[PDB]
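Q: Below is the structure I would like to discuss, written out as structure tokens.
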Amino acid sequence: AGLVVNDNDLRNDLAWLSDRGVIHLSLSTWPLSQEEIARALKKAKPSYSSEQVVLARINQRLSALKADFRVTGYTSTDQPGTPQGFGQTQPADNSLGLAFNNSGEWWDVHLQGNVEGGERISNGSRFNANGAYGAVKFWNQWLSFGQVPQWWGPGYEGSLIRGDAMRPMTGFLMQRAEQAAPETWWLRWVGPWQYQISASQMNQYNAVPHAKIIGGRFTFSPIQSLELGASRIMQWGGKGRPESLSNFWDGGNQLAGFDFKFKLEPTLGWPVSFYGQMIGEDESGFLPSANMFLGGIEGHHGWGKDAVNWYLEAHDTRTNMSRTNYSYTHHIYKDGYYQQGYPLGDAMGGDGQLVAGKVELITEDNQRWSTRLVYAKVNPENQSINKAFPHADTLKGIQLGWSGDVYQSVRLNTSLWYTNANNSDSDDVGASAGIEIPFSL
Ligand SMILES: CCCCCCCCCCCC
Ligand SMILES: CCCCCCCCCCCC
Ligand SMILES: CCCCCCCCCCCC
Ligand SMILES: CCCCCCCCCCCC
Ligand SMILES: CCCCCCCCCCCC
Ligand SMILES: CCCCCCCCCCCC
Ligand SMILES: CCCCCCCCCCCC
Ligand SMILES: CCCCCCCC
Ligand SMILES: CCCCCCCC
Ligand SMILES: CCCCCCCC
Ligand SMILES: CCCCCCCC
Ligand SMILES: CCCCCCCC
Ligand SMILES: CCCCCC
Ligand SMILES: CCCCCC
Ligand SMILES: CCCCCC
Ligand SMILES: CCCCCC
Ligand SMILES: CCCCCC
């Protein structure tokens, strides 16, 4: 029960089911309420065997994720050269995680400890409690405290406003549990809708210590084919900053924009969707300005009993696809829209252009083969505020992956990549490998 933070295997399986019309479920605001996954599963309409295979995997995964005790591990030769997608940015070359889990009807507790080797992202200590939260449920709302990662929007490679490519921040978070449409007769048109609010404290944020990220996101689906999102973030507070309830208003540094996802299955019967996101650095009342852009197209197919996932996605984190040295920059918050050098927005940082494609096959067996190509111009102004991509570079890379159960429930995750670069700080070739061991108590 409770929150379900960024998992990549889960998301792709849910997205497959959703875009094929077998379930109806928003996947553009993480973490997801499990109670909302459960509801969509109870009104699931499969018609192929491939679809029953994927379906059965959903609860199996949530059992894995929320097992009483869970040991996780990651090791690698080096940092990947290209930026990584949803659920795929590791903060160190070598990691080891121990988590105690417990949840019920009205509670979710995830006590997570991590120890690290060969830091990529800076920290106070090689020990940390990232991902660690406790949550309680009341009146269909989940209230959470901890270091919970989020994902805001329909993109697979990044969120332009609140992503994953950075250490999760300590704070409060609130959400609907079940996300049904409003009962009120004159609001029933809105459809399934969801809010997320969060107040967080930035870590080691030099230029203005203890800076807060306060934010809000709203989504709704008026028709099964269209989801619409809105989200806003303000960088606020800190040492030498106004921190009054008064100064805290909306009328700091702001980011704000919209996203959408349009499913084609309900009309053309194609298990294909397209999506977009537009976040701006300034706000013209109702619309944003100084805009970063993101768009993509995704498909989801059955083979025999196997499943195939693919997406093609383009990002532009310049200002209006031309102007540089303003995206993820600020004049008060001078370290920019980054924690410990790593972007709170898109994995690239600001002023970046990115096209990426990914295909993956998933066996009945639940082996998962993947292939990923990417082209990326990054940090053209060699901005120090971005430690993810310190230098102006053009990246042309390929990344292969394999996921599979090795022994009973012990799962192994490998990766292998090559990156053509002009001035990277990481080996042109490398390989990583992760492990998951769930235990009962
Ligand atoms: C003390 C240094 C951190 C511990 C690193 C352990 C990494 C092993 C992961 C194995 C996965 C195959
Ligand atoms: C000492 C740390 C080195 C860890 C490198 C392990 C990478 C193995 C993955 C192989 C996949 C093809
Ligand atoms: C068996 C009941 C255990 C409930 C523990 C939950 C306490 C953590 C809540 C923190 C949310 C702000
Ligand atoms: C039923 C279809 C099975 C064929 C799958 C072969 C293609 C996977 C290639 C993986 C390369 C990383
Ligand atoms: C079972 C489908 C054929 C397997 C193709 C092997 C290629 C090795 C890719 C390894 C990626 C980590
Ligand atoms: C029946 C389950 C056994 C599967 C074992 C697969 C081992 C893959 C290891 C490859 C590491 C590079
Ligand atoms: C300095 C560049 C050397 C990179 C060595 C790591 C690559 C290991 C991947 C292949 C495993 C068989
Ligand atoms: C057996 C239940 C343990 C719950 C721990 C909660 C910590 C606040
Ligand atoms: C079902 C009653 C619980 C209300 C708790 C309110 C938390 C601020
Ligand atoms: C059964 C209702 C539990 C409410 C918990 C609220 C704690 C803040
Ligand atoms: C169960 C509460 C976890 C809080 C961890 C945050 C400390 C930085
Ligand atoms: C059932 C009425 C809910 C009120 C919230 C309306 C969502 C925009
Ligand atoms: C550099 C070490 C490579 C290990 C591959 C199994
Ligand atoms: C009853 C709806 C609550 C929304 C909290 C912002
Ligand atoms: C309460 C959600 C706020 C989102 C506004 C864009
Ligand atoms: C028969 C399918 C071939 C797939 C090549 C990647
Ligand atoms: C991504 C592999 C091709 C790189 C050479 C331009």
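Residues in the structure tokens are numbered from 1 in each chain, the chains being A, B, ... in the order shown, and ligands are numbered from 1 in the order shown.
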Quick one: contact table of region 191-309 of chain A to region 365-375 of chain A, 12 Å max, nearest atom pair and distance in Å to one decimal per residue, counting only C-alpha atoms, chain and number order, as a tab-separated table?
A:
residue	atom	partner	partner_atom	distance
A:305	CA	A:365	CA	9.6
A:306	CA	A:365	CA	8.6
A:307	CA	A:368	CA	9.3
A:308	CA	A:368	CA	9.5
A:309	CA	A:370	CA	9.1
Q: To check your reading of the model: which residues sit at most 10 Å from ligand 5 when counting only C-alpha atoms and all ligand atoms? Write the answer as a PyMOL selection string.
A: chain A and resi 361+363+367-371+399-403+413-417+431-433
Q: What would the file look like if the residues just selected were written as a short mmCIF file (atom, residue, chain, number, x, y, z; two decimals), in the first residue's frame with N, CA, C and O atoms?
A:
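Saved file selection_2.cif follows:
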data_model
loop_
_atom_site.label_atom_id
_atom_site.label_comp_id
_atom_site.auth_asym_id
_atom_site.auth_seq_id
_atom_site.Cartn_x
_atom_site.Cartn_y
_atom_site.Cartn_z
N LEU A 361 11.98 -5.39 -25.75
CA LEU A 361 11.23 -6.60 -25.78
C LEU A 361 11.17 -7.13 -24.36
O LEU A 361 12.18 -7.13 -23.65
N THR A 363 9.93 -10.59 -22.47
CA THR A 363 9.48 -11.97 -22.53
C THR A 363 8.34 -12.26 -21.56
O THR A 363 8.15 -11.55 -20.56
N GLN A 367 12.19 -11.55 -19.03
CA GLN A 367 13.47 -11.03 -19.45
C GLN A 367 13.17 -9.79 -20.26
O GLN A 367 12.17 -9.76 -20.97
N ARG A 368 14.01 -8.76 -20.16
CA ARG A 368 13.75 -7.53 -20.91
C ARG A 368 15.00 -7.06 -21.64
O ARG A 368 15.99 -6.69 -21.01
N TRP A 369 14.95 -7.09 -22.97
CA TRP A 369 16.04 -6.60 -23.80
C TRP A 369 15.73 -5.22 -24.26
O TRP A 369 14.61 -4.94 -24.64
N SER A 370 16.73 -4.34 -24.23
CA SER A 370 16.50 -2.97 -24.65
C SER A 370 17.62 -2.45 -25.53
O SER A 370 18.75 -2.93 -25.48
N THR A 371 17.29 -1.47 -26.35
CA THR A 371 18.27 -0.75 -27.15
C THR A 371 17.90 0.73 -27.18
O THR A 371 16.73 1.08 -27.30
N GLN A 399 22.99 2.51 -26.15
CA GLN A 399 22.95 1.83 -24.86
C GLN A 399 22.06 0.60 -24.95
O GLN A 399 20.88 0.68 -25.31
N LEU A 400 22.65 -0.56 -24.66
CA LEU A 400 21.93 -1.82 -24.64
C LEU A 400 21.66 -2.18 -23.19
O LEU A 400 22.40 -1.77 -22.30
N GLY A 401 20.59 -2.94 -22.97
CA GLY A 401 20.24 -3.38 -21.62
C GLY A 401 19.66 -4.79 -21.60
O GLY A 401 19.08 -5.25 -22.58
N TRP A 402 19.86 -5.47 -20.47
CA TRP A 402 19.19 -6.73 -20.19
C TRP A 402 18.80 -6.79 -18.75
O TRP A 402 19.59 -6.42 -17.86
N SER A 403 17.56 -7.24 -18.52
CA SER A 403 16.97 -7.38 -17.20
C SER A 403 16.49 -8.82 -17.10
O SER A 403 15.92 -9.35 -18.06
N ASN A 413 20.15 -6.53 -13.29
CA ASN A 413 19.95 -5.50 -14.32
C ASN A 413 21.26 -5.03 -14.88
O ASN A 413 22.01 -4.34 -14.20
N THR A 414 21.54 -5.37 -16.13
CA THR A 414 22.80 -4.98 -16.76
C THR A 414 22.62 -3.90 -17.82
O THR A 414 21.54 -3.69 -18.35
N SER A 415 23.72 -3.21 -18.11
CA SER A 415 23.73 -2.16 -19.12
C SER A 415 25.12 -2.10 -19.75
O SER A 415 26.11 -2.40 -19.09
N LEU A 416 25.16 -1.74 -21.02
CA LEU A 416 26.40 -1.64 -21.78
C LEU A 416 26.26 -0.47 -22.74
O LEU A 416 25.26 -0.38 -23.44
N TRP A 417 27.25 0.42 -22.81
CA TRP A 417 27.10 1.61 -23.65
C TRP A 417 28.36 2.10 -24.31
O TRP A 417 29.46 1.81 -23.84
N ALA A 431 30.01 -0.33 -18.68
CA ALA A 431 28.96 -1.27 -18.36
C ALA A 431 28.62 -1.12 -16.89
O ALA A 431 29.51 -0.91 -16.07
N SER A 432 27.33 -1.21 -16.57
CA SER A 432 26.90 -1.26 -15.19
C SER A 432 26.13 -2.55 -14.95
O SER A 432 25.93 -3.33 -15.88
N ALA A 433 25.77 -2.80 -13.70
CA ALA A 433 25.00 -3.99 -13.32
C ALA A 433 24.38 -3.76 -11.96
O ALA A 433 25.07 -3.35 -11.03
#
Q: In region 191-440 of chain A, what's strand (DSSP E) per DSSP? Answer as a PyMOL selection string?
A: chain A and resi 193-201+212-223+226-236+253-263+272-284+287-302+307-316+338-339+342-343+353-362+368-378+393-407+410-420+429-439
Q: Go ahead and save the picked residues with C-alpha atoms, as a compact mmCIF listing (two decimals), in the first residue's frame.
A:
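Result file follows (selection.txt):
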# COMPACT_ATOMS: atom_id res chain seq x y z
CA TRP A 193 -7.88 14.02 -11.80
CA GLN A 194 -4.94 14.29 -9.44
CA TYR A 195 -2.99 16.84 -7.44
CA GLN A 196 0.49 16.71 -5.98
CA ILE A 197 1.80 19.35 -3.61
CA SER A 198 5.31 19.34 -2.12
CA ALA A 199 7.47 21.50 0.15
CA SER A 200 11.16 20.50 0.26
CA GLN A 201 14.59 21.74 1.43
CA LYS A 212 13.01 25.51 -0.38
CA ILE A 213 11.40 24.02 -3.43
CA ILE A 214 7.64 24.46 -3.06
CA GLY A 215 5.44 23.16 -5.85
CA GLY A 216 2.11 22.05 -7.21
CA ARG A 217 0.88 19.87 -10.02
CA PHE A 218 -2.57 19.11 -11.39
CA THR A 219 -3.76 16.68 -14.06
CA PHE A 220 -7.09 15.60 -15.52
CA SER A 221 -8.45 13.41 -18.28
CA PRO A 222 -11.77 14.74 -19.69
CA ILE A 223 -11.85 11.89 -22.25
CA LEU A 226 -6.47 13.00 -23.65
CA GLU A 227 -4.64 13.78 -20.41
CA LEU A 228 -3.80 17.41 -19.56
CA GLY A 229 -1.26 18.53 -16.99
CA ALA A 230 -0.33 21.79 -15.31
CA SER A 231 2.53 22.30 -12.86
CA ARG A 232 4.30 25.07 -10.99
CA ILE A 233 7.49 25.23 -8.89
CA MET A 234 8.95 28.10 -6.89
CA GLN A 235 12.46 28.29 -5.50
CA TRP A 236 11.96 30.21 -2.27
CA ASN A 253 12.34 31.85 -8.66
CA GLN A 254 9.45 30.24 -10.57
CA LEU A 255 9.01 27.50 -13.15
CA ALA A 256 5.61 26.67 -14.66
CA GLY A 257 4.06 24.91 -17.63
CA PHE A 258 1.74 22.34 -19.17
CA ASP A 259 1.92 18.78 -20.46
CA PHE A 260 -0.35 16.46 -22.44
CA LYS A 261 -0.61 12.85 -23.58
CA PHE A 262 -2.96 11.77 -26.41
CA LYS A 263 -3.85 8.06 -26.78
CA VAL A 272 0.31 4.43 -29.95
CA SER A 273 0.35 7.75 -28.13
CA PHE A 274 2.01 11.09 -28.46
CA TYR A 275 2.90 13.51 -25.68
CA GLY A 276 4.38 16.96 -25.04
CA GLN A 277 5.52 19.27 -22.24
CA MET A 278 6.20 23.01 -22.19
CA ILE A 279 7.75 24.53 -19.10
CA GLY A 280 8.69 28.22 -18.98
CA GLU A 281 11.01 30.25 -16.76
CA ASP A 282 8.78 33.37 -16.63
CA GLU A 283 4.97 33.51 -16.30
CA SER A 284 2.65 35.70 -18.42
CA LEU A 287 0.74 31.29 -19.98
CA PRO A 288 4.48 30.67 -19.48
CA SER A 289 7.37 32.43 -21.29
CA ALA A 290 11.10 31.72 -21.83
CA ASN A 291 9.96 28.22 -22.69
CA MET A 292 11.69 24.85 -22.76
CA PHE A 293 10.12 22.20 -24.94
CA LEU A 294 9.63 18.46 -24.96
CA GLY A 295 7.71 16.13 -27.26
CA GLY A 296 7.51 12.43 -28.06
CA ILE A 297 5.66 9.50 -29.57
CA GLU A 298 5.29 6.03 -28.02
CA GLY A 299 4.00 2.61 -29.07
CA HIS A 300 3.22 -0.64 -27.27
CA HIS A 301 2.79 -3.95 -29.02
CA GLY A 302 2.28 -7.65 -28.35
CA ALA A 307 5.53 -7.34 -25.30
CA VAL A 308 7.32 -4.54 -27.16
CA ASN A 309 7.75 -0.96 -25.87
CA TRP A 310 9.19 1.93 -27.85
CA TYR A 311 9.41 5.68 -27.73
CA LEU A 312 10.92 8.51 -29.75
CA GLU A 313 11.42 11.70 -27.78
CA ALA A 314 12.85 15.21 -28.44
CA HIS A 315 13.90 17.82 -25.83
CA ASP A 316 14.98 21.44 -26.04
CA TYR A 338 20.26 22.30 -9.54
CA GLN A 339 20.97 20.43 -6.31
CA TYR A 342 22.57 17.87 -10.66
CA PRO A 343 19.45 19.27 -12.33
CA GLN A 353 18.99 19.60 -27.36
CA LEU A 354 18.12 15.89 -27.31
CA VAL A 355 16.58 13.25 -29.56
CA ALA A 356 16.36 9.71 -28.18
CA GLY A 357 14.75 6.47 -29.26
CA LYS A 358 14.33 3.31 -27.23
CA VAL A 359 12.92 -0.13 -28.03
CA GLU A 360 12.46 -3.03 -25.62
CA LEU A 361 11.23 -6.60 -25.78
CA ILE A 362 9.80 -8.18 -22.65
CA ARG A 368 13.75 -7.53 -20.91
CA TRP A 369 16.04 -6.60 -23.80
CA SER A 370 16.50 -2.97 -24.65
CA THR A 371 18.27 -0.75 -27.15
CA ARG A 372 18.68 3.00 -26.94
CA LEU A 373 20.12 5.56 -29.35
CA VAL A 374 20.63 9.20 -28.41
CA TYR A 375 21.98 12.44 -29.90
CA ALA A 376 22.58 15.33 -27.47
CA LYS A 377 24.18 18.79 -27.60
CA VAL A 378 24.75 19.77 -23.97
CA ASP A 393 29.76 18.58 -25.95
CA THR A 394 27.87 16.70 -28.69
CA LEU A 395 26.97 13.18 -27.60
CA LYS A 396 26.16 10.32 -29.98
CA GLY A 397 25.55 7.16 -27.98
CA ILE A 398 24.06 3.67 -28.00
CA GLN A 399 22.95 1.83 -24.86
CA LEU A 400 21.93 -1.82 -24.64
CA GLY A 401 20.24 -3.38 -21.62
CA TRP A 402 19.19 -6.73 -20.19
CA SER A 403 16.97 -7.38 -17.20
CA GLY A 404 16.28 -10.85 -15.80
CA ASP A 405 15.58 -13.05 -12.78
CA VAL A 406 18.72 -15.04 -11.92
CA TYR A 407 17.61 -17.14 -8.94
CA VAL A 410 16.76 -12.28 -7.23
CA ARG A 411 16.76 -9.91 -10.23
CA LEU A 412 19.78 -8.67 -12.15
CA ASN A 413 19.95 -5.50 -14.32
CA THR A 414 22.80 -4.98 -16.76
CA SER A 415 23.73 -2.16 -19.12
CA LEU A 416 26.40 -1.64 -21.78
CA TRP A 417 27.10 1.61 -23.65
CA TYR A 418 29.27 3.51 -26.12
CA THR A 419 29.38 7.31 -26.41
CA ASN A 420 31.00 9.33 -29.16
CA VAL A 429 32.61 2.60 -23.27
CA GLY A 430 31.25 1.24 -20.02
CA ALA A 431 28.96 -1.27 -18.36
CA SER A 432 26.90 -1.26 -15.19
CA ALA A 433 25.00 -3.99 -13.32
CA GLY A 434 22.35 -3.86 -10.60
CA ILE A 435 20.72 -6.43 -8.33
CA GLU A 436 17.44 -6.72 -6.37
CA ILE A 437 16.84 -9.18 -3.51
CA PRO A 438 13.44 -9.12 -1.77
CA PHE A 439 12.97 -10.96 1.56
Q: Would you pick out the contacts of residue 334 (chain A) at 8 Å or less, using only C-alpha atoms, so that residues sharing its chain but fewer than 4 positions from it are not included, and give the list as a ChimeraX atom specification?
A: /A:207-208,329-330
Q: Could you dump the residues just selected with N, CA, C and O atoms as a PDB file, in the first residue's frame?
A:
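To be explicit, this is the file written out as again_2.pdb:
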ATOM      1  N   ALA A 207      25.008  28.787  -2.621  1.00  0.00           N
ATOM      2  CA  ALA A 207      24.655  30.198  -2.842  1.00  0.00           C
ATOM      3  C   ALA A 207      23.539  30.751  -1.945  1.00  0.00           C
ATOM      4  O   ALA A 207      23.501  31.959  -1.689  1.00  0.00           O
ATOM      5  N   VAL A 208      22.620  29.887  -1.508  1.00  0.00           N
ATOM      6  CA  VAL A 208      21.532  30.278  -0.594  1.00  0.00           C
ATOM      7  C   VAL A 208      21.114  29.052   0.217  1.00  0.00           C
ATOM      8  O   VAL A 208      20.129  28.362  -0.113  1.00  0.00           O
ATOM      9  N   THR A 329      18.790  28.844 -14.793  1.00  0.00           N
ATOM     10  CA  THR A 329      19.647  29.889 -14.238  1.00  0.00           C
ATOM     11  C   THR A 329      18.794  30.731 -13.318  1.00  0.00           C
ATOM     12  O   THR A 329      17.581  30.806 -13.504  1.00  0.00           O
ATOM     13  N   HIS A 330      19.414  31.354 -12.323  1.00  0.00           N
ATOM     14  CA  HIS A 330      18.762  32.433 -11.591  1.00  0.00           C
ATOM     15  C   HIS A 330      19.756  33.425 -11.010  1.00  0.00           C
ATOM     16  O   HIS A 330      20.923  33.093 -10.794  1.00  0.00           O
TER      17      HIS A 330
END
Q: Would you please work out which residue, of A:167, A:57, A:239, A:70, is nearest to ligand 11 when using only C-alpha atoms and all ligand atoms?
A: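 The shortest atom-to-atom distance to ligand 11 comes from A:167.
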Q: Could you pull out the residues sitting within 7 Å of ligand 1, using only C-alpha atoms and all ligand atoms, and write them as a list in words?
A: residues 73, 74, 75, 94, 95, 96, 115, 116, 117, 433, 434 and 435 of chain A
Q: Save the residues we just selected, C-alpha atoms, as a short mmCIF file (atom, residue, chain, number, x, y, z; two decimals), in the first residue's frame?
A:
data_model
loop_
_atom_site.label_atom_id
_atom_site.label_comp_id
_atom_site.auth_asym_id
_atom_site.auth_seq_id
_atom_site.Cartn_x
_atom_site.Cartn_y
_atom_site.Cartn_z
CA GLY A 73 23.00 -3.03 -5.37
CA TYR A 74 24.57 -1.15 -8.27
CA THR A 75 28.12 -1.29 -9.63
CA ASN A 94 28.85 1.80 -6.68
CA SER A 95 25.89 1.62 -4.34
CA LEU A 96 24.29 -0.66 -1.81
CA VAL A 115 26.19 3.39 1.28
CA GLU A 116 28.18 4.59 -1.74
CA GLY A 117 31.48 4.32 -3.58
CA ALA A 433 25.00 -3.99 -13.32
CA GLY A 434 22.35 -3.86 -10.60
CA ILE A 435 20.72 -6.43 -8.33
#
Q: Could you work out how far CA of residue 13 (chain A) lies from atom 8 (C, counted along the ligand's line) of ligand 12, giving the answer in Å with one decimal?
A: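 Here the two named atoms are 28.7 Å from each other.
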Q: Output the neighbourhood of ligand 3 as a short mmCIF file (atom, residue, chain, number, x, y, z; two decimals) with C-alpha atoms, in the first residue's frame, that is, all protein and nucleic acid residues with some atom at most 7 Å from the ligand, counting only C-alpha atoms and all ligand atoms.
A:
data_model
loop_
_atom_site.label_atom_id
_atom_site.label_comp_id
_atom_site.auth_asym_id
_atom_site.auth_seq_id
_atom_site.Cartn_x
_atom_site.Cartn_y
_atom_site.Cartn_z
CA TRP A 107 0.07 3.81 6.20
CA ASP A 108 3.28 3.34 4.22
CA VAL A 109 6.73 3.13 5.78
CA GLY A 134 6.80 7.38 6.01
CA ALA A 135 3.25 8.21 4.89
CA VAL A 136 -0.25 8.15 6.32
CA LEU A 143 0.61 12.75 3.52
CA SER A 144 4.30 11.91 3.34
CA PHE A 145 7.60 12.89 4.96
#
Q: Pick out the closest residue to residue 336 (chain A) from this set: A:211, A:10, A:3, A:22. Count only C-alpha atoms.
A: A:211
Q: Give the answer as one residue: which of A:86, A:127, A:133, A:142 has the shortest atom-to-atom distance to ligand 10, using only C-alpha atoms and all ligand atoms?
A: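 Going through A:86, A:127, A:133, A:142 one by one, the smallest distance to ligand 10 is for A:142.
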Q: How would you write, as a compact mmCIF listing (two decimals) with C-alpha atoms, in the first residue's frame, the set of residues no farther than 8 Å from ligand 9 when counting only C-alpha atoms and all ligand atoms?
A:
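As written to disk, pocket.txt reads:
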# COMPACT_ATOMS: atom_id res chain seq x y z
CA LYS A 137 -3.68 8.22 4.64
CA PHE A 138 -6.69 10.29 5.68
CA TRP A 139 -9.80 11.29 3.68
Q: May I ask for the distance between CA of residue 386 (chain A) and CA of residue 146 (chain A), given in Å to one decimal place?
A: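 The value is 25.3 Å.
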Q: As a PyMOL selection string, please: every protein or nucleic acid residue near ligand 12 (cut-off 8 Å, counting only C-alpha atoms and all ligand atoms).
A: chain A and resi 181-184+187-188+190+193
Q: Those residues you just picked out, can you put them in a file as a PDB file, in the first residue's frame with C-alpha atoms?
A:
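This is the output file selection.pdb:
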ATOM      1  CA  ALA A 181     -13.811  11.638 -11.310  1.00  0.00           C
ATOM      2  CA  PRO A 182     -15.723  14.235  -9.283  1.00  0.00           C
ATOM      3  CA  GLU A 183     -19.229  13.266  -8.040  1.00  0.00           C
ATOM      4  CA  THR A 184     -20.594  16.826  -8.435  1.00  0.00           C
ATOM      5  CA  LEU A 187     -17.841  18.783 -12.626  1.00  0.00           C
ATOM      6  CA  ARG A 188     -18.126  15.142 -13.833  1.00  0.00           C
ATOM      7  CA  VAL A 190     -13.275  16.792 -15.609  1.00  0.00           C
ATOM      8  CA  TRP A 193      -7.876  14.021 -11.795  1.00  0.00           C
TER       9      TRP A 193
END
Q: Which residue out of A:8, A:382, A:103, A:112 has the minimum interatomic distance to residue 349 (chain A) when only C-alpha atoms are used?
A: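 Distance minimum relative to residue 349 (chain A) lands on A:382.
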Q: Within 9 Å of residue 427 (chain A), counting only C-alpha atoms, which residues show up once you throw out same-chain ones fewer than 4 positions away? Write them as an NGL selection string, please.
A: :A and (77-81 or 418-419)
Q: May I have the residues from that selection written out with C-alpha atoms, as a PDB file, in the first residue's frame?
A:
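What ended up in selection36.pdb:
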ATOM      1  CA  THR A  77      32.892   0.958 -14.668  1.00  0.00           C
ATOM      2  CA  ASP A  78      31.988   4.652 -14.947  1.00  0.00           C
ATOM      3  CA  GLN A  79      29.193   7.190 -15.327  1.00  0.00           C
ATOM      4  CA  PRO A  80      27.227   6.869 -18.576  1.00  0.00           C
ATOM      5  CA  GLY A  81      28.131   9.517 -21.150  1.00  0.00           C
ATOM      6  CA  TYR A 418      29.267   3.512 -26.120  1.00  0.00           C
ATOM      7  CA  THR A 419      29.377   7.308 -26.412  1.00  0.00           C
TER       8      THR A 419
END
